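A lone chain, given as structure tokens: the form deposited in one PDB entry.
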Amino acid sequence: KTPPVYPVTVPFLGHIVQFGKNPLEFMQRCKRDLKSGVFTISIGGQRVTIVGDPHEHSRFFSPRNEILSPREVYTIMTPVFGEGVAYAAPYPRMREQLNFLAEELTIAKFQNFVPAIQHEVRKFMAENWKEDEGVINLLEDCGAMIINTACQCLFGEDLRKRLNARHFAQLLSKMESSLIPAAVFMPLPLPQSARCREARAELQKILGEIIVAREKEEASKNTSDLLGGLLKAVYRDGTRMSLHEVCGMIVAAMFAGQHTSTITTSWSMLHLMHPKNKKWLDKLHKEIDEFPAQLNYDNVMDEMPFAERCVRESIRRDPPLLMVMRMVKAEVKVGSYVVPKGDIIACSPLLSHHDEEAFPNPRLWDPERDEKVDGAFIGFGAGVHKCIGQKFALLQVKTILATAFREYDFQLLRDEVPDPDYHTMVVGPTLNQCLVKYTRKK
């Protein structure tokens, strides 16, 4: 009564290679050949069970940690975030920590993000896109805007002086590269590891200097930044976060937002600039050609409904995180099947977002589409572990789109839209394809 396995033919290596080259075509094949949305594969002799039937998402996102656990599956992050941070911490602390973070997105806070976001976007553009026309690599530039823009929202002035975006990005890169996606399924002292520690330590040292400089300061002077937020925070037992933990959280917050948003921004701009999608590009300008130079939280939140769809449909068609997993601590029901204890249960936004019923014509970028199966869209996950940076990411991306398409027009050099590059653990467009020509207006 367990879900149908997929033929192996190579015990030394599971479906690893097939999945790595193209996991969409591969997964759809499985789900197609076995006549079942729920199926099990073997990655290096380890049963990975995939809930690929959107109707059955709740069976994956609903179970509590005691039954379904991410900790063992997400071990690989521990080196990046810290030896005692989320997924490296007992869930009670983990959850506890993640909440502090969430309280940093009170949207009591967004009040000042729009002006900041636009301040960095306009600056970058007026710094890199000067000429009346020119060629840039969209993916690399959005990455710059993302990090730059994110720091201008969460990092205080004093911190940004010591740690600027350009520099912070290098640190993330240094440690995030330490990551081998394969490990997640298959549990070293590589040059990548070393760089990762130093980078986080460096970041550590600095954050230590700033705090010291803040605590010596007295006694007022207005809205505290992310770090300050984390520093104030106190546990359920009544103890303040250790810096090592505090650092980890910041890495986490920044790490998680860097690629997912960078990619989402890119895909969005790509589709939107494509001549085939003139329909929606126009519909977009129709929505932003009314806004003033200085945008405010209100109009980005409440006055850009079609732009949100653009971002959502981007994440829908090409989800940055193609799947999420958990260790099955106890046998869990799923459809007519049963997932045995020991399995790595996983749910794939990539797969689900391409189910014919939930999203007819999956490969078609349609911003006005809606899930034909409730719960089908899981770009930001769901249940207890539903993404926390959603509201922020969306705000961050939407505002960028508004500032970019307002002052520049774009043109995709390549005939069609970039192919997804499935080799990175966070998935976006290839970037050997992202070459774009911009044209300043007036």
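Residue numbers run from 1 along the displayed sequence. So that the term is clear: the rigid core is the largest set of C-alpha atoms that superpose within 1.5 Å between two forms.
Notebook entry, point to check: Taking the other compared PDB entries with both flanking residues modelled, is residue 220 unmodelled in at least a third?
Noted result: Yes.
Next item on the list: May I ask whether residue 189 is missing from the deposited models in at least a third of the other compared entries?
Entry: Counting only entries that model residues on both sides, residue 189 is unresolved in at least a third of them.
Item checked: Length class of the unmodelled deposited segment, which would lie between residue 221 and residue 222 -> Going from residue 221 to residue 222, the model skips 1 to 3 residues of the deposited sequence.
Margin query: Going by the PDB record, how many residues of the deposited sequence fall between residue 187 and residue 188 without any coordinates: none, 1 to 3, 4 to 9, or 10 or more?
Written below: Gap size class: 4 to 9 residues without coordinates, per the record.
Check: Out of 85 to 93 and 104 to 112, which one has CA B-factors that are higher on average in the deposited record?
Finding: It is 104 to 112.
Notebook entry, point to check: Taking only the CA atoms, which stretch has the higher mean B-factor in the record, 278 to 286 or 313 to 321?
Noted result: Higher mean C-alpha B-factor: 278 to 286.
Next item on the list: Name the one of 63, 44, 381, 52 with the greatest CA B-factor according to the PDB entry.
Entry: Of 63, 44, 381, 52, 44 has the highest C-alpha B-factor.
Notebook entry, point to check: Highest CA temperature factor in the entry: which of 272, 251, 171, 206?
Noted result: Highest C-alpha B-factor among the listed residues goes to 171.
Checklist line | Within-chain third of residue 346 by Cα B-factor, per the entry | finding: It belongs to the middle third of the chain when residues are ordered by C-alpha B-factor.
Next item on the list: State the tercile, meaning the lowest, middle or highest third, of residue 3 with respect to the CA B-factors recorded for its chain.
Entry: Its C-alpha B-factor, which the entry lists for residue 3, ranks in the lowest third among residues of this chain.
Note to self: Using the temperature factors of the C-alpha atoms in this entry, rank residue 164 within its chain: lowest, middle or highest third.
What the structure shows: For residue 164, whose C-alpha B-factor we compare with every modelled residue in the chain, the answer is the middle third.
Note to self: Based on the deposited C-alpha B factors for this chain, I'd like to know if residue 406 is in the lowest, middle or highest third.
What the structure shows: Middle third.
Notebook entry, point to check: Sorting the chain's CA B-factors, does residue 68 end up in the lowest, middle or highest third?
Noted result: CA B-factor rank for residue 68: lowest third.
The same protein has a further form, the form deposited in another entry, not shown here; the description that follows concerns it.
Margin query: If I align on the rigid core, exactly one of 199, 346, 284, 321 should have its C-alpha move by 2 Å or more between this form and the one not shown; which residue is that?
Written below: Flagged residue: 199.
Checklist line | residue 13 C-alpha shift between this form and the one not shown of 2 Å or more, rigid core reference | finding: It does, since the residue 13 C-alpha is displaced 2 Å or more between this form and the one not shown after the core fit.
Notebook entry, point to check: Which is it in the other entry for the CA atoms of residue 13 and residue 321, closer or farther than here, knowing they shift by 3 Å or more?
Noted result: Compared with this form, residue 13 and residue 321 lie closer in the other entry.
Next item on the list: Look at the CA atoms of residue 13 and residue 320: state whether they lie closer or farther apart in the other entry than in this form, given a difference of 3 Å or more.
Entry: Residues converge in the other entry, at least 3 Å closer.
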